[PDB]
$ cat target_16.cif   # mmCIF, C-alpha atoms
data_my_file
loop_
_atom_site.group_PDB
_atom_site.id
_atom_site.type_symbol
_atom_site.label_atom_id
_atom_site.label_comp_id
_atom_site.auth_asym_id
_atom_site.auth_seq_id
_atom_site.Cartn_x
_atom_site.Cartn_y
_atom_site.Cartn_z
ATOM 1 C CA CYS P 14 -10.598 -3.723 7.370
ATOM 2 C CA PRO P 15 -8.477 -1.644 9.969
ATOM 3 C CA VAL P 16 -5.563 -2.274 7.556
ATOM 4 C CA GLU P 17 -7.634 -0.487 4.947
ATOM 5 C CA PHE P 18 -7.361 2.854 6.878
ATOM 6 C CA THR P 19 -3.597 2.647 6.573
ATOM 7 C CA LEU P 20 -3.621 1.429 2.961
ATOM 8 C CA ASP P 21 -5.848 4.356 1.850
ATOM 9 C CA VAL P 22 -3.398 6.715 3.524
ATOM 10 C CA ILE P 23 -0.120 5.065 2.503
ATOM 11 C CA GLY P 24 -0.966 2.248 0.026
ATOM 12 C CA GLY P 25 -1.041 2.908 -3.660
ATOM 13 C CA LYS P 26 1.783 2.981 -6.157
ATOM 14 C CA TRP P 27 3.573 6.155 -5.320
ATOM 15 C CA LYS P 28 2.626 7.381 -1.907
ATOM 16 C CA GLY P 29 5.259 5.063 -0.460
ATOM 17 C CA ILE P 30 8.021 6.270 -2.792
ATOM 18 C CA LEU P 31 7.306 9.990 -2.422
ATOM 19 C CA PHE P 32 7.140 9.581 1.379
ATOM 20 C CA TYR P 33 10.429 7.659 1.400
ATOM 21 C CA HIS P 34 12.211 10.631 -0.160
ATOM 22 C CA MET P 35 10.983 13.128 2.332
ATOM 23 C CA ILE P 36 12.266 11.024 5.232
ATOM 24 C CA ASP P 37 15.780 12.417 5.060
ATOM 25 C CA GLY P 38 14.663 16.048 4.401
ATOM 26 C CA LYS P 39 12.139 18.389 2.733
ATOM 27 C CA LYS P 40 11.740 18.348 -1.103
ATOM 28 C CA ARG P 41 10.574 20.643 -3.924
ATOM 29 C CA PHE P 42 8.216 19.286 -6.626
ATOM 30 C CA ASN P 43 10.916 18.890 -9.293
ATOM 31 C CA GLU P 44 13.177 16.905 -6.958
ATOM 32 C CA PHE P 45 10.503 14.198 -7.104
ATOM 33 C CA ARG P 46 10.512 14.128 -10.912
ATOM 34 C CA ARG P 47 14.250 13.559 -11.124
ATOM 35 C CA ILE P 48 13.933 10.694 -8.588
ATOM 36 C CA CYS P 49 11.230 8.313 -9.902
ATOM 37 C CA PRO P 50 10.665 10.105 -13.261
ATOM 38 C CA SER P 51 7.976 7.689 -14.545
ATOM 39 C CA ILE P 52 5.359 9.764 -12.683
ATOM 40 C CA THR P 53 3.388 12.436 -14.529
ATOM 41 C CA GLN P 54 3.295 16.047 -13.314
ATOM 42 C CA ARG P 55 -0.449 15.451 -12.784
ATOM 43 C CA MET P 56 -0.145 12.247 -10.797
ATOM 44 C CA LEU P 57 2.599 13.622 -8.564
ATOM 45 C CA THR P 58 0.347 16.482 -7.634
ATOM 46 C CA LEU P 59 -2.641 14.238 -6.881
ATOM 47 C CA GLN P 60 -0.556 12.163 -4.560
ATOM 48 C CA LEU P 61 0.955 15.098 -2.783
ATOM 49 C CA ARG P 62 -2.556 16.640 -2.509
ATOM 50 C CA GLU P 63 -3.858 13.441 -0.983
ATOM 51 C CA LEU P 64 -0.906 12.849 1.361
ATOM 52 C CA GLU P 65 -1.311 16.441 2.437
ATOM 53 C CA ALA P 66 -5.025 16.049 2.815
ATOM 54 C CA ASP P 67 -4.394 12.971 5.080
ATOM 55 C CA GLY P 68 -2.048 15.071 7.286
ATOM 56 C CA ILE P 69 1.003 13.062 6.314
ATOM 57 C CA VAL P 70 2.830 15.725 4.312
ATOM 58 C CA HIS P 71 3.278 19.417 5.049
ATOM 59 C CA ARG P 72 3.348 21.818 2.151
ATOM 60 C CA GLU P 73 5.112 25.091 2.937
ATOM 61 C CA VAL P 74 5.163 28.084 0.707
ATOM 62 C CA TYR P 75 8.138 30.404 1.062
ATOM 63 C CA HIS P 76 7.562 34.151 0.804
ATOM 64 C CA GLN P 77 10.167 34.826 -1.886
ATOM 65 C CA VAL P 78 10.483 35.724 -5.595
ATOM 66 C CA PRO P 79 9.682 33.532 -7.329
ATOM 67 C CA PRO P 80 7.860 31.697 -4.545
ATOM 68 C CA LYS P 81 9.088 28.301 -3.556
ATOM 69 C CA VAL P 82 7.084 25.313 -2.371
ATOM 70 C CA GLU P 83 8.737 22.636 -0.205
ATOM 71 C CA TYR P 84 7.192 19.329 0.962
ATOM 72 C CA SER P 85 8.069 17.474 4.182
ATOM 73 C CA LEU P 86 6.743 14.807 6.565
ATOM 74 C CA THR P 87 4.528 15.931 9.335
ATOM 75 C CA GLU P 88 5.183 14.514 12.761
ATOM 76 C CA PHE P 89 2.186 12.219 12.226
ATOM 77 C CA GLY P 90 3.344 11.190 8.807
ATOM 78 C CA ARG P 91 6.498 10.026 10.499
ATOM 79 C CA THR P 92 4.536 7.383 12.364
ATOM 80 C CA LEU P 93 4.110 5.576 8.988
ATOM 81 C CA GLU P 94 7.838 5.513 8.668
ATOM 82 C CA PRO P 95 8.586 2.067 10.059
ATOM 83 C CA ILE P 96 6.109 0.538 7.641
ATOM 84 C CA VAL P 97 7.494 2.397 4.674
ATOM 85 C CA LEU P 98 11.058 1.502 5.591
ATOM 86 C CA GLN P 99 10.057 -2.145 5.816
ATOM 87 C CA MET P 100 8.365 -1.949 2.430
ATOM 88 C CA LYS P 101 11.774 -0.831 1.204
ATOM 89 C CA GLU P 102 13.708 -3.571 2.972
ATOM 90 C CA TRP P 103 11.409 -6.255 1.582
ATOM 91 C CA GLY P 104 11.397 -4.993 -2.002
ATOM 92 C CA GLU P 105 15.199 -5.073 -1.807
ATOM 93 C CA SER P 106 15.522 -8.590 -0.404
ATOM 94 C CA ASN P 107 12.920 -10.029 -2.749
ATOM 95 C CA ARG P 108 14.078 -8.823 -6.136
ATOM 96 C CA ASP P 109 12.758 -11.751 -8.277
ATOM 97 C CA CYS V 14 12.670 2.770 -7.137
ATOM 98 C CA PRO V 15 12.783 -0.192 -4.713
ATOM 99 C CA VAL V 16 9.614 0.527 -2.662
ATOM 100 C CA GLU V 17 7.725 0.297 -5.979
ATOM 101 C CA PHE V 18 8.442 -3.460 -6.351
ATOM 102 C CA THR V 19 6.730 -4.034 -2.994
ATOM 103 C CA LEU V 20 3.881 -1.623 -3.678
ATOM 104 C CA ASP V 21 3.032 -3.305 -7.003
ATOM 105 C CA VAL V 22 2.941 -6.654 -5.185
ATOM 106 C CA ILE V 23 1.168 -5.555 -1.968
ATOM 107 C CA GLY V 24 0.097 -1.914 -2.387
ATOM 108 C CA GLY V 25 -3.312 -0.989 -3.654
ATOM 109 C CA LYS V 26 -6.560 -0.715 -1.765
ATOM 110 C CA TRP V 27 -7.394 -4.397 -1.242
ATOM 111 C CA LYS V 28 -4.387 -6.614 -1.583
ATOM 112 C CA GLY V 29 -3.457 -5.760 2.010
ATOM 113 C CA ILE V 30 -6.945 -6.544 3.388
ATOM 114 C CA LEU V 31 -7.398 -9.830 1.489
ATOM 115 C CA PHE V 32 -3.942 -10.941 2.605
ATOM 116 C CA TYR V 33 -4.664 -10.034 6.212
ATOM 117 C CA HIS V 34 -7.587 -12.427 6.306
ATOM 118 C CA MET V 35 -5.651 -15.360 4.969
ATOM 119 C CA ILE V 36 -2.998 -14.984 7.677
ATOM 120 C CA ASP V 37 -4.906 -16.976 10.279
ATOM 121 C CA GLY V 38 -6.091 -19.632 7.777
ATOM 122 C CA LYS V 39 -7.277 -20.427 4.253
ATOM 123 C CA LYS V 40 -10.480 -18.768 2.854
ATOM 124 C CA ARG V 41 -13.180 -19.339 0.222
ATOM 125 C CA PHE V 42 -14.221 -16.534 -2.196
ATOM 126 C CA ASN V 43 -17.488 -15.701 -0.365
ATOM 127 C CA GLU V 44 -15.707 -15.404 2.998
ATOM 128 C CA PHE V 45 -13.992 -12.330 1.527
ATOM 129 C CA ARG V 46 -17.283 -10.691 0.493
ATOM 130 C CA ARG V 47 -18.776 -10.980 3.937
ATOM 131 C CA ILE V 48 -15.596 -9.391 5.470
ATOM 132 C CA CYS V 49 -14.973 -6.090 3.596
ATOM 133 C CA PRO V 50 -18.188 -6.235 1.453
ATOM 134 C CA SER V 51 -17.500 -2.974 -0.457
ATOM 135 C CA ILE V 52 -15.471 -5.002 -3.048
ATOM 136 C CA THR V 53 -17.180 -6.111 -6.258
ATOM 137 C CA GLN V 54 -17.172 -9.783 -7.308
ATOM 138 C CA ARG V 55 -15.094 -8.604 -10.292
ATOM 139 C CA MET V 56 -12.495 -6.649 -8.329
ATOM 140 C CA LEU V 57 -12.047 -9.433 -5.781
ATOM 141 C CA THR V 58 -11.237 -11.835 -8.630
ATOM 142 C CA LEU V 59 -8.716 -9.472 -10.224
ATOM 143 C CA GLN V 60 -6.893 -9.029 -6.938
ATOM 144 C CA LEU V 61 -6.822 -12.730 -6.153
ATOM 145 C CA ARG V 62 -5.707 -13.439 -9.716
ATOM 146 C CA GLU V 63 -2.886 -10.877 -9.310
ATOM 147 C CA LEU V 64 -1.793 -11.930 -5.835
ATOM 148 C CA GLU V 65 -1.781 -15.434 -7.137
ATOM 149 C CA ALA V 66 0.154 -14.384 -10.222
ATOM 150 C CA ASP V 67 2.739 -12.676 -7.936
ATOM 151 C CA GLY V 68 3.174 -15.946 -5.974
ATOM 152 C CA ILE V 69 1.699 -14.488 -2.780
ATOM 153 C CA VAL V 70 -1.521 -16.517 -2.660
ATOM 154 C CA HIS V 71 -2.138 -20.212 -3.382
ATOM 155 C CA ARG V 72 -5.406 -21.228 -4.956
ATOM 156 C CA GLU V 73 -6.424 -24.849 -4.299
ATOM 157 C CA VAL V 74 -9.323 -26.717 -5.923
ATOM 158 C CA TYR V 75 -10.869 -29.517 -3.878
ATOM 159 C CA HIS V 76 -12.080 -32.602 -5.694
ATOM 160 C CA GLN V 77 -15.618 -32.666 -4.344
ATOM 161 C CA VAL V 78 -19.246 -31.951 -5.375
ATOM 162 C CA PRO V 79 -19.774 -29.126 -5.786
ATOM 163 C CA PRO V 80 -16.073 -28.289 -6.101
ATOM 164 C CA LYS V 81 -14.600 -25.970 -3.521
ATOM 165 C CA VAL V 82 -11.890 -23.348 -4.113
ATOM 166 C CA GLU V 83 -9.804 -22.201 -1.095
ATOM 167 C CA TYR V 84 -7.210 -19.401 -0.995
ATOM 168 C CA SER V 85 -4.179 -19.270 1.301
ATOM 169 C CA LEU V 86 -0.816 -17.528 1.736
ATOM 170 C CA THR V 87 2.154 -19.135 0.053
ATOM 171 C CA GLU V 88 5.365 -19.390 2.052
ATOM 172 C CA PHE V 89 6.683 -16.400 0.124
ATOM 173 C CA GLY V 90 3.510 -14.433 0.634
ATOM 174 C CA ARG V 91 4.170 -14.897 4.332
ATOM 175 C CA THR V 92 7.325 -12.794 4.053
ATOM 176 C CA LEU V 93 5.051 -9.733 3.515
ATOM 177 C CA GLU V 94 3.348 -10.564 6.755
ATOM 178 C CA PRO V 95 5.229 -8.391 9.150
ATOM 179 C CA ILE V 96 4.521 -5.355 6.947
ATOM 180 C CA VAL V 97 0.836 -6.192 6.777
ATOM 181 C CA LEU V 98 0.582 -6.763 10.489
ATOM 182 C CA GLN V 99 2.159 -3.363 11.052
ATOM 183 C CA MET V 100 -0.253 -1.755 8.648
ATOM 184 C CA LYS V 101 -2.856 -3.179 10.991
ATOM 185 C CA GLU V 102 -1.236 -2.024 14.201
ATOM 186 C CA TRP V 103 -0.937 1.506 12.842
ATOM 187 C CA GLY V 104 -4.485 1.753 11.521
ATOM 188 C CA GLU V 105 -5.597 0.704 15.008
ATOM 189 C CA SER V 106 -3.470 3.224 16.937
ATOM 190 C CA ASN V 107 -4.278 6.084 14.591
ATOM 191 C CA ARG V 108 -8.062 5.886 14.394
ATOM 192 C CA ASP V 109 -9.465 9.084 12.934
ATOM 193 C CA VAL V 110 -12.895 8.418 11.312
#
$ encode --input "target_16.cif" --output "structure tokens"
Amino acid sequence: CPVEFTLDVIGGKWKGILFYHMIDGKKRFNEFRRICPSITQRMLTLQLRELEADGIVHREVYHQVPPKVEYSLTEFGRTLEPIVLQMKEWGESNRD
Amino acid sequence: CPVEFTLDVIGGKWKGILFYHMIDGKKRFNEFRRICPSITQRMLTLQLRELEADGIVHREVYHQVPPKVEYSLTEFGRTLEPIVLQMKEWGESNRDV
């Protein structure tokens, strides 16, 4: 049940994928849609809201016209990295 | 989307917990309810059915009276272990709540 804490935060279909893409740099909303396009505009937001609410992701709004929102991994969120990278390495090995 | 494969298999609220408890040995249904009791009889079954369907968990029926069903991690299911153990180590370090 201490694994639960982590799984709430990072478990769940998408959280892992989203997170993975921010590892190598910040990302706008629409960059996520191009990547794993199966996700609905709604769902994407819910995840990013949750990740953000758990202090994993940092949402930054840029004072410009039009305004520009960019997402990126907080320092804390980075501590989930090793896990997430291992999730990736395993999914790759074990394809069928 | 290669993290997806893994997350289908092992992501989701419970799969990780359930799994964790089979690491150190097989378990009956009711042993799971006592552990993280928040799960409904129904949900527990769906997870175990799915884990089992994904070849992670092995369900074994014992020829006895009454009969006794015991769950355990297949050899394959063990390959997700490191991940799960790390999920644990992180949730322990980073205790907020």
$ atom_distance --input "target_16.cif" --atom1 "atom CA of residue 17 of chain V" --atom2 "atom CA of residue 83 of chain V"
28.9 Å
$ resolve_selection --input "target_16.cif" --expression "the PyMOL selection byres ((chain V) within 8 of (chain P))" --output "ChimeraX atom specification"
/V:14-21,24-27,29-30,33,48-49,93,96-97,99-105
$ closest_residue --input "target_16.cif" --among "V:23, V:39, V:78, V:70" --to "residue 90 of chain V" --atoms "only C-alpha atoms"
V:70
$ residues_around --input "target_16.cif" --residues "residue 31 of chain V" --least-positions-apart "4" --cutoff "9 Å" --atoms "all atoms listed in the file" --output "list in words"
residues 27, 35, 45, 49, 57, 60 and 61 of chain V
$ atom_distance --input "target_16.cif" --atom1 "atom CA of residue 90 of chain P" --atom2 "atom CA of residue 47 of chain P"
22.8 Å
$ atom_distance --input "target_16.cif" --atom1 "atom CA of residue 86 of chain V" --atom2 "atom CA of residue 36 of chain V"
6.8 Å
$ closest_residue --input "target_16.cif" --among "P:85, P:73, P:67, P:35" --to "residue 110 of chain V" --atoms "all atoms listed in the file"
P:67
$ resolve_selection --input "target_16.cif" --expression "the PyMOL selection byres ((chain V and resi 74) around 12)" --output "PyMOL selection string"
chain V and resi 40-42+71-73+75-85
$ residues_around --input "target_16.cif" --residues "residue 53 of chain P" --least-positions-apart "6" --cutoff "12 Å" --atoms "only C-alpha atoms" --output "ChimeraX atom specification"
/P:27,42-43,45-47,59-60
$ residues_near_point --input "target_16.cif" --point "(9.7, 19.5, 0.6)" --cutoff "6 Å" --atoms "only C-alpha atoms" --output "number ranges by chain"
P: 39-41, 83-85
$ write_last_selection --input "target_16.cif" --atoms "C-alpha atoms" --output "PDB file, in the coordinates of the input"
ATOM      1  CA  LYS P  39      12.139  18.389   2.733  1.00  0.00           C
ATOM      2  CA  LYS P  40      11.740  18.348  -1.103  1.00  0.00           C
ATOM      3  CA  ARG P  41      10.574  20.643  -3.924  1.00  0.00           C
ATOM      4  CA  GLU P  83       8.737  22.636  -0.205  1.00  0.00           C
ATOM      5  CA  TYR P  84       7.192  19.329   0.962  1.00  0.00           C
ATOM      6  CA  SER P  85       8.069  17.474   4.182  1.00  0.00           C
TER       7      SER P  85
END
$ decode --input "target_16.cif" --residues "segment 37-71 of chain P" --atoms "N, CA, C and O atoms" --output "JSON list (two decimals), in the first residue's frame"
[["chain", "number", "residue", "atom", "x", "y", "z"],
["P", 37, "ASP", "N", 13.09, 15.06, -21.89],
["P", 37, "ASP", "CA", 14.13, 15.71, -22.69],
["P", 37, "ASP", "C", 13.87, 17.20, -22.99],
["P", 37, "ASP", "O", 14.62, 17.80, -23.75],
["P", 38, "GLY", "N", 12.83, 17.79, -22.42],
["P", 38, "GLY", "CA", 12.54, 19.23, -22.60],
["P", 38, "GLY", "C", 11.08, 19.58, -22.42],
["P", 38, "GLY", "O", 10.20, 18.71, -22.49],
["P", 39, "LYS", "N", 10.79, 20.86, -22.17],
["P", 39, "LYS", "CA", 9.40, 21.32, -22.01],
["P", 39, "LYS", "C", 8.55, 21.02, -23.24],
["P", 39, "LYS", "O", 9.08, 20.73, -24.31],
["P", 40, "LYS", "N", 7.22, 21.05, -23.09],
["P", 40, "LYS", "CA", 6.28, 20.78, -24.22],
["P", 40, "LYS", "C", 4.97, 21.57, -24.12],
["P", 40, "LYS", "O", 4.38, 21.65, -23.04],
["P", 41, "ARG", "N", 4.53, 22.12, -25.25],
["P", 41, "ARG", "CA", 3.19, 22.68, -25.40],
["P", 41, "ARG", "C", 2.14, 21.56, -25.45],
["P", 41, "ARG", "O", 2.46, 20.42, -25.82],
["P", 42, "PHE", "N", 0.90, 21.90, -25.13],
["P", 42, "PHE", "CA", -0.24, 20.97, -25.28],
["P", 42, "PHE", "C", -0.21, 20.19, -26.58],
["P", 42, "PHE", "O", -0.11, 18.98, -26.58],
["P", 43, "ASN", "N", -0.24, 20.89, -27.70],
["P", 43, "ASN", "CA", -0.40, 20.23, -29.02],
["P", 43, "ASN", "C", 0.75, 19.30, -29.42],
["P", 43, "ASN", "O", 0.57, 18.41, -30.24],
["P", 44, "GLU", "N", 1.92, 19.50, -28.83],
["P", 44, "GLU", "CA", 3.03, 18.57, -29.01],
["P", 44, "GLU", "C", 2.70, 17.19, -28.47],
["P", 44, "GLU", "O", 3.21, 16.19, -28.95],
["P", 45, "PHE", "N", 1.85, 17.14, -27.44],
["P", 45, "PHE", "CA", 1.42, 15.87, -26.87],
["P", 45, "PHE", "C", 0.45, 15.14, -27.81],
["P", 45, "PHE", "O", 0.41, 13.91, -27.83],
["P", 46, "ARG", "N", -0.36, 15.90, -28.55],
["P", 46, "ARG", "CA", -1.40, 15.30, -29.37],
["P", 46, "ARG", "C", -0.77, 14.63, -30.57],
["P", 46, "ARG", "O", -1.10, 13.47, -30.90],
["P", 47, "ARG", "N", 0.19, 15.32, -31.19],
["P", 47, "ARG", "CA", 0.97, 14.71, -32.26],
["P", 47, "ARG", "C", 1.63, 13.41, -31.79],
["P", 47, "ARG", "O", 1.61, 12.41, -32.52],
["P", 48, "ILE", "N", 2.19, 13.38, -30.58],
["P", 48, "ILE", "CA", 2.93, 12.20, -30.11],
["P", 48, "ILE", "C", 2.06, 10.95, -29.98],
["P", 48, "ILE", "O", 2.14, 10.08, -30.86],
["P", 49, "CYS", "N", 1.29, 10.82, -28.91],
["P", 49, "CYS", "CA", 0.41, 9.67, -28.74],
["P", 49, "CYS", "C", -1.01, 10.16, -29.00],
["P", 49, "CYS", "O", -1.76, 10.38, -28.04],
["P", 50, "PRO", "N", -1.41, 10.30, -30.29],
["P", 50, "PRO", "CA", -2.64, 11.00, -30.67],
["P", 50, "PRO", "C", -3.95, 10.38, -30.19],
["P", 50, "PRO", "O", -4.95, 11.08, -30.12],
["P", 51, "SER", "N", -3.94, 9.10, -29.84],
["P", 51, "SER", "CA", -5.14, 8.43, -29.29],
["P", 51, "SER", "C", -5.86, 9.19, -28.15],
["P", 51, "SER", "O", -7.04, 8.98, -27.91],
["P", 52, "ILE", "N", -5.14, 10.05, -27.44],
["P", 52, "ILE", "CA", -5.69, 10.73, -26.29],
["P", 52, "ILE", "C", -6.57, 11.91, -26.68],
["P", 52, "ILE", "O", -6.25, 12.66, -27.60],
["P", 53, "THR", "N", -7.70, 12.04, -26.00],
["P", 53, "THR", "CA", -8.63, 13.14, -26.25],
["P", 53, "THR", "C", -8.13, 14.42, -25.58],
["P", 53, "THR", "O", -7.64, 14.40, -24.45],
["P", 54, "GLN", "N", -8.31, 15.54, -26.27],
["P", 54, "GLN", "CA", -8.15, 16.88, -25.70],
["P", 54, "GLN", "C", -8.55, 16.97, -24.23],
["P", 54, "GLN", "O", -7.85, 17.58, -23.42],
["P", 55, "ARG", "N", -9.68, 16.35, -23.88],
["P", 55, "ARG", "CA", -10.17, 16.35, -22.49],
["P", 55, "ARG", "C", -9.23, 15.58, -21.57],
["P", 55, "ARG", "O", -8.80, 16.11, -20.56],
["P", 56, "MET", "N", -8.93, 14.35, -21.96],
["P", 56, "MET", "CA", -8.18, 13.44, -21.14],
["P", 56, "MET", "C", -6.80, 14.01, -20.87],
["P", 56, "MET", "O", -6.33, 14.06, -19.72],
["P", 57, "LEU", "N", -6.15, 14.45, -21.94],
["P", 57, "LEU", "CA", -4.84, 15.10, -21.85],
["P", 57, "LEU", "C", -4.83, 16.17, -20.78],
["P", 57, "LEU", "O", -3.94, 16.20, -19.93],
["P", 58, "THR", "N", -5.86, 17.00, -20.77],
["P", 58, "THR", "CA", -5.92, 18.06, -19.80],
["P", 58, "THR", "C", -6.02, 17.51, -18.37],
["P", 58, "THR", "O", -5.38, 18.03, -17.45],
["P", 59, "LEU", "N", -6.86, 16.48, -18.19],
["P", 59, "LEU", "CA", -7.11, 15.93, -16.87],
["P", 59, "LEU", "C", -5.82, 15.39, -16.32],
["P", 59, "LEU", "O", -5.54, 15.48, -15.11],
["P", 60, "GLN", "N", -5.05, 14.78, -17.19],
["P", 60, "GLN", "CA", -3.80, 14.18, -16.73],
["P", 60, "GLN", "C", -2.87, 15.30, -16.32],
["P", 60, "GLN", "O", -2.33, 15.33, -15.19],
["P", 61, "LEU", "N", -2.71, 16.27, -17.21],
["P", 61, "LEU", "CA", -1.78, 17.33, -16.95],
["P", 61, "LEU", "C", -2.25, 18.10, -15.68],
["P", 61, "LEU", "O", -1.42, 18.45, -14.84],
["P", 62, "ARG", "N", -3.56, 18.28, -15.51],
["P", 62, "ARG", "CA", -4.05, 18.89, -14.28],
["P", 62, "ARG", "C", -3.66, 18.10, -13.05],
["P", 62, "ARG", "O", -3.24, 18.68, -12.04],
["P", 63, "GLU", "N", -3.72, 16.78, -13.16],
["P", 63, "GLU", "CA", -3.46, 15.92, -12.02],
["P", 63, "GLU", "C", -1.97, 15.90, -11.73],
["P", 63, "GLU", "O", -1.55, 16.10, -10.57],
["P", 64, "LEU", "N", -1.17, 15.65, -12.77],
["P", 64, "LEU", "CA", 0.30, 15.64, -12.65],
["P", 64, "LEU", "C", 0.79, 16.95, -12.00],
["P", 64, "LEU", "O", 1.71, 16.97, -11.16],
["P", 65, "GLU", "N", 0.17, 18.02, -12.43],
["P", 65, "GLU", "CA", 0.47, 19.34, -11.95],
["P", 65, "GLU", "C", 0.02, 19.45, -10.51],
["P", 65, "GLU", "O", 0.76, 19.91, -9.67],
["P", 66, "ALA", "N", -1.19, 18.97, -10.22],
["P", 66, "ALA", "CA", -1.67, 19.00, -8.88],
["P", 66, "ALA", "C", -0.79, 18.14, -7.91],
["P", 66, "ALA", "O", -0.59, 18.53, -6.76],
["P", 67, "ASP", "N", -0.20, 17.05, -8.40],
["P", 67, "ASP", "CA", 0.74, 16.25, -7.60],
["P", 67, "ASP", "C", 2.17, 16.82, -7.60],
["P", 67, "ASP", "O", 3.09, 16.19, -7.09],
["P", 68, "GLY", "N", 2.39, 18.01, -8.14],
["P", 68, "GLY", "CA", 3.72, 18.63, -8.10],
["P", 68, "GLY", "C", 4.75, 17.99, -9.02],
["P", 68, "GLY", "O", 5.98, 18.19, -8.83],
["P", 69, "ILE", "N", 4.29, 17.20, -9.99],
["P", 69, "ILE", "CA", 5.22, 16.51, -10.85],
["P", 69, "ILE", "C", 5.57, 17.45, -11.94],
["P", 69, "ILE", "O", 6.78, 17.67, -12.22],
["P", 70, "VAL", "N", 4.53, 17.96, -12.61],
["P", 70, "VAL", "CA", 4.68, 18.88, -13.76],
["P", 70, "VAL", "C", 4.48, 20.34, -13.42],
["P", 70, "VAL", "O", 3.65, 20.70, -12.55],
["P", 71, "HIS", "N", 5.24, 21.19, -14.10],
["P", 71, "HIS", "CA", 5.15, 22.64, -13.93],
["P", 71, "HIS", "C", 4.58, 23.19, -15.18],
["P", 71, "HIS", "O", 5.13, 22.97, -16.28]]
